[PDB]
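K.L.:
Take this structure, written in structure tokens, and hold onto it; I'll ask about it next.
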Amino acid sequence: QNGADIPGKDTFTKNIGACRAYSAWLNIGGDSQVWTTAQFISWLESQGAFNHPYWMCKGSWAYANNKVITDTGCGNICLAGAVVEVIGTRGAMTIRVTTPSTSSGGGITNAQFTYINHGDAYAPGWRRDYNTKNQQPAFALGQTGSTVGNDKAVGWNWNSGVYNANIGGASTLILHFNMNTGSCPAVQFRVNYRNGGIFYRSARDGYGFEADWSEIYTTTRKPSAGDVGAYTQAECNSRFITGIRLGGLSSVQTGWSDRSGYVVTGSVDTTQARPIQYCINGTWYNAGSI
Amino acid sequence: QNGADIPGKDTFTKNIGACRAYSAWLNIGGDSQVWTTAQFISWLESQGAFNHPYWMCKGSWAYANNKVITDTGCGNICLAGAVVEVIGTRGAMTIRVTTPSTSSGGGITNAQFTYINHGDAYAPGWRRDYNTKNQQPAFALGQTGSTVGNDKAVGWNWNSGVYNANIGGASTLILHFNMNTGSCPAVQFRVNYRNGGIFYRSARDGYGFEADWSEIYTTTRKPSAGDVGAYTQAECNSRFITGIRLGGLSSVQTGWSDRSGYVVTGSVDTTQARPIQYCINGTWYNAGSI
Amino acid sequence: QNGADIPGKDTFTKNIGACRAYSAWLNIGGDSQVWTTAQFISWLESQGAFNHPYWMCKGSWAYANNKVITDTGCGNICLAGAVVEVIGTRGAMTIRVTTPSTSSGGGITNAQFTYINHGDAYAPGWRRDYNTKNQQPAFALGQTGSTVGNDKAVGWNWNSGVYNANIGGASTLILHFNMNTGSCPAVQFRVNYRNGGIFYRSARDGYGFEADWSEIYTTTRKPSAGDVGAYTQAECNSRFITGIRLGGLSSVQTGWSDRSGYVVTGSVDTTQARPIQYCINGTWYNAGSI
């Protein structure tokens with residue numbers, strides 16, 4: 001007989017205090033219309049879910065038979081092929097809904113939702129797990145994505161992360177931050193191996209990165225004197241005079257005719273003259289005369 | 001009759017091998033005193049939880065009736081309105097506790113705790129899920145928080161993240177890292193849109209950021225010659241002499257009286273003289289005489 | 001009697017629509033051989049798991065009795081002391097497996113796996129939760145690890161994160177990014193408290209950081225004139241001439257003999273001479289003569 005001769009078997013289960021396995025392939029609703037959680041708890045009422053302390057159920061593997069909930073605040077719930085577990089009372093309600101790897105209507109796949117309703121003053125609502133399929137949106141350890149084809153290939157609106165970029169024969173590190181908002185939504189740093197150089201570029205509105213990398217100056221990548229508007233030492237040394245003097249003496253017995261660069265330095269009879277000389281970078285030169 | 005005429009219904013359930021729905025609104029404990037997990041498993045013993053392979057339960061929606069556990073090592077568990085599921089033996093024990101959106105005593109809301117006790121040499125203890133309500137403490141993708149009112153508004157002790165800061169008419173990107181410890185617990189970078197400048201500031205002990213932004217020098221924001229203690233080229237060019245010579249000839253038939261800047265260059269009779277001239281930035285000048 | 005006088009008690013449970021508590025300490029398999037999920041669902045068939053809408057089970061606390069699954073794509077599942085819950089049909093299958101704090105065969109401890117098999121065209125497979133024991137691999141808020149003993153102690157291949165490093169008497173902030181791949185797999189920034197300096201170093205292949213920190217130049221850490229290859233202003237000022245003139249007059253009644261630095265400037269009788277003088281940094285000097 002094996003209990004097949006039991007009237008009101010659902011009441012029996014309640015009396016014995018056993019968990020209610022309500023259905024393995026039930027169609028939750030008529031069709032895949034959209035339904036609210038108030039309508040979901042109404043449908044649970046009509047099947048007697050709150051008559052049992054634990055009451056489970058599994059939506060049929062048919063998209064055209066099962067509702068979808070749309071007011072969770074943490075993603076849609078497609079009841080097609082969804083496990084529904086109901087714990088508590090109609091007063092103090094706990095539903096745990098486990099979704100499968102495929103859905104319709106925008107349902108979150110590979111998820112466990114949990115619904116509490118302990119009264120309207122006690123914050124009713126839904127929550128969703130994080131898992132290896134539905135990760136938390138967090139900056140990843142390790143490498144984000146796959147290697148991109150050139151150093152500028154990470155788009156301004158990609159996930160923040162550490163990326164590898166091909167530069168031909170080697171590759172370079174791209175450290176990308178993006179917040180999807182603001183006048184500057186993103187910044188990227190390019191880093192070459194073995195302190196080979198570090199650079200940044202930053203975005204603008206929805207226009208991406210309009211400027212080329214700016215290389216950051218460091219003690220292994222110092223500015224040049226021209227970068228800062230100055231001369232190098234060698235450029236100063238080759239232009240400006242450091243000394244003036246009179247050169248070797250010449251004389252004549254009398255007279256001394258004007259000679260390019262020469263000045264009279266003595267009139268003993270005899271006239272003495274020397275060239276004016278000036279020094280640039282250690283080298284002396286004779287002055288000339290117009 | 002519907003099994004209402006069954007003595008020892010709990011034993012019946014065990015014999016039939018069905019999961020035990022023990023109560024929908026039980027008060028777990030006398031009051032909201034603090035209790036240990038040893039006391040929690042003792043209370044489970046006294047209700048016969050380990051007599052069944054699966055044994056569930058749901059604490060009453062009354063804070064003044066239900067215990068709270070405090071030794072989890074992953075947050076307090078308020079049993080008020082908590083689902084308690086017990087799986088295994090008193091020897092090899094697994095409890096899954098699902099908490100609702102509100103608690104007392106510091107209970108973690110919106111949580112699923114799991115307790116293993118397979119023997120004291122086999123690492124007994126608690127664990128807690130991560131979910132959309134109780135996220136993992138991880139650097140967020142996208143924007144952290146809301147837009148702040150000025151570029152220095154992200155406090156040194158805020159969560160690491162990418163923030164947007166109003167700068168009046170536009171906004172700027174603030175990249176903030178904080179580890180809550182050490183002589184320098186935090187660093188922030190300010191990044192202006194379209195490579196408009198990148199800056200950092202870093203904190204000290206619990207004192208925050210005592211120095212203003214330091215702008216980082218780059219190939220689009222190069223130091224000036226004055227920044228590095230040097231002259232610009234134009235400043236050198238306007239100060240230092242590049243050439244010396246004698247200017248145009250004057251003569252007199254005899255004599256030549258001392259004249260400011262002039263030197264005698266010939267005594268043919270006739271005396272010849274020229275001015276000393278020097279060159280600065282291409283411009284010649286006559287020397288003077290004291 | 002208490003149902004002890006029931007033939008085919010498993011069929012009874014199915015007829016009454018109650019969840020099947022199949023065993024509290026069953027050995028799932030013969031030994032700890034490796035098994036596939038096809039073999040796992042076959043073993044579930046032979047115990048009648050899919051005969052019930054909810055069917056639970058708990059592997060015995062004996063490593064030498066229970067299988068381990070190895071094809072999940074999200075870590076091994078050691079059934080020793082594992083809770084197995086089976087929901088749905090053999091057609092539309094949902095298994096939730098909860099593992100304890102210790103395993104063998106490489107099983108993931110402290111985990112909840114979920115398996116869907118709704119048909120081979122509907123993406124069968126496994127997923128695993130994230131929780132306080134098995135966190136998601138994400139850049140951590142706050143401090144990563146413990147304080148390290150010197151500023152270069154964070155290895156190139158450690159988790160990206162914010163670290164604190166002892167520098168003797170104080171400590172410094174190390175911001176580390178590592179993607180485990182590429183010619184430059186990692187970059188670190190060192191940040192000193194109160195804008196005391198910011199530096200980077202970057203790795204190469206598997207060789208780590210071969211170069212010392214490069215300090216980044218900023219408006220509080222400007223390059224020197226020598227860094228950029230230039231002279232300082234004081235170095236220019238002390239080397240190069242800014243003016244030339246003739247000094248005070250000397251005269252003699254006649255004559256004037258050649259005198260170091262002196263040139264004849266007048267022949268009234270009487271000869272007048274002055275020294276050539278040049279100016280460096282405001283100081284005048286007398287020229288000499290070879």
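Ordered as shown in the structure tokens, chains take letters A, B, and onward, while each chain numbers its residues from 1 and ligands are numbered from 1 in the order shown.
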Please identify all polymer residues within 9 Å of residue B:162, counting only C-alpha atoms, omitting same-chain residues fewer than 6 positions from it, and present them as a VMD selection string.

P.N.:
(chain A and resid 177 to 179 186) or (chain B and resid 139 to 145 173 to 177)

K.L.:
Determine, counting only C-alpha atoms, which protein, DNA and RNA residues have an atom within 9 Å of an atom of residue B:96; residues of the same chain fewer than 5 positions away are not included. Present the result as a list in words.

P.N.:
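Everything that qualifies: residues 83, 84, 85, 86, 87, 112, 113, 114 and 115 of chain B.
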
K.L.:
Grab the residues selected above and save them as an mmCIF file, in the first residue's frame with C-alpha atoms.

P.N.:
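Just written: result_2.cif:
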```
data_model
loop_
_atom_site.group_PDB
_atom_site.id
_atom_site.type_symbol
_atom_site.label_atom_id
_atom_site.label_comp_id
_atom_site.auth_asym_id
_atom_site.auth_seq_id
_atom_site.Cartn_x
_atom_site.Cartn_y
_atom_site.Cartn_z
ATOM 1 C CA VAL B 83 16.823 29.490 9.466
ATOM 2 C CA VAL B 84 18.843 26.677 11.071
ATOM 3 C CA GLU B 85 19.540 23.575 8.954
ATOM 4 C CA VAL B 86 21.469 20.684 10.559
ATOM 5 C CA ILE B 87 22.939 17.935 8.383
ATOM 6 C CA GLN B 112 24.492 32.403 5.058
ATOM 7 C CA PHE B 113 26.834 30.952 7.699
ATOM 8 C CA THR B 114 28.125 27.390 7.552
ATOM 9 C CA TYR B 115 29.509 25.493 10.529
#
```

K.L.:
From the options C:284, C:24, C:130, C:269, which residue's atoms come nearest to residue B:49, counting only C-alpha atoms?

P.N.:
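Ranked by minimum distance to residue B:49, first place goes to C:24.
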
K.L.:
If we count only C-alpha atoms, what is near residue B:148 at a cut-off of 9 Å, once residues fewer than 5 positions away on the same chain are taken out, given as a list in words?

P.N.:
residues 153, 154, 163, 164, 165 and 166 of chain B

K.L.:
What's around residue B:262 at 7 Å? Count only C-alpha atoms, leave out sequence neighbours fewer than 2 positions away in its own chain, and write the answer as a list in words.

P.N.:
residues 259, 260, 264, 273, 274, 275 and 276 of chain B; 265 of chain C

K.L.:
Mind checking which residues fall within 10 Å of stretch 230-233 of chain C, counting only C-alpha atoms, ignoring those fewer than 2 positions away in the same chain, and posting them as a VMD selection string?

P.N.:
(chain A and resid 224 to 226 228 230 to 236) or (chain B and resid 225 to 226 228 to 232 235 to 236) or (chain C and resid 224 to 228 235 to 238)

K.L.:
Provide the atom CA of residue C:81 to atom CA of residue A:132 distance in Å, to one decimal place.

P.N.:
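A separation of 22.7 Å between them.
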
K.L.:
Please provide the set of residues having any atom within 7 Å of residue C:66, restricted to only C-alpha atoms, with same-chain residues fewer than 5 positions apart removed, written as number ranges by chain.

P.N.:
C: 27-32, 59, 79-80

K.L.:
Include N, CA, C and O atoms and write out the residues we just selected as a tab-separated table (two decimals), in the first residue's frame.

P.N.:
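The new file out_19.tsv reads:
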```tsv
chain	number	residue	atom	x	y	z
C	27	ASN	N	28.84	5.98	2.83
C	27	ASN	CA	30.10	6.07	2.10
C	27	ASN	C	29.79	6.16	0.61
C	27	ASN	O	29.29	5.20	0.01
C	28	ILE	N	30.05	7.32	0.01
C	28	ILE	CA	29.73	7.57	-1.39
C	28	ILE	C	30.83	6.99	-2.28
C	28	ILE	O	31.83	7.66	-2.58
C	29	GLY	N	30.63	5.76	-2.73
C	29	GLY	CA	31.63	5.03	-3.49
C	29	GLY	C	32.31	3.96	-2.65
C	29	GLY	O	32.04	3.78	-1.46
C	30	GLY	N	33.21	3.23	-3.31
C	30	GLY	CA	33.98	2.22	-2.62
C	30	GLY	C	35.16	2.82	-1.89
C	30	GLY	O	35.32	2.65	-0.67
C	31	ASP	N	36.00	3.54	-2.62
C	31	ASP	CA	37.22	4.09	-2.07
C	31	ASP	C	37.39	5.51	-2.59
C	31	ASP	O	36.53	6.04	-3.31
C	32	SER	N	38.50	6.14	-2.22
C	32	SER	CA	38.86	7.45	-2.75
C	32	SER	C	39.58	7.30	-4.09
C	32	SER	O	40.71	7.74	-4.28
C	59	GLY	N	28.20	12.20	2.81
C	59	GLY	CA	29.30	11.25	2.75
C	59	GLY	C	29.91	11.01	4.12
C	59	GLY	O	30.00	11.91	4.95
C	79	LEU	N	34.10	13.86	-1.62
C	79	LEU	CA	32.80	13.50	-1.06
C	79	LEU	C	32.88	13.07	0.39
C	79	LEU	O	31.85	13.01	1.06
C	80	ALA	N	34.08	12.81	0.90
C	80	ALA	CA	34.26	12.48	2.31
C	80	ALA	C	33.71	13.59	3.19
C	80	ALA	O	34.20	14.73	3.17
```
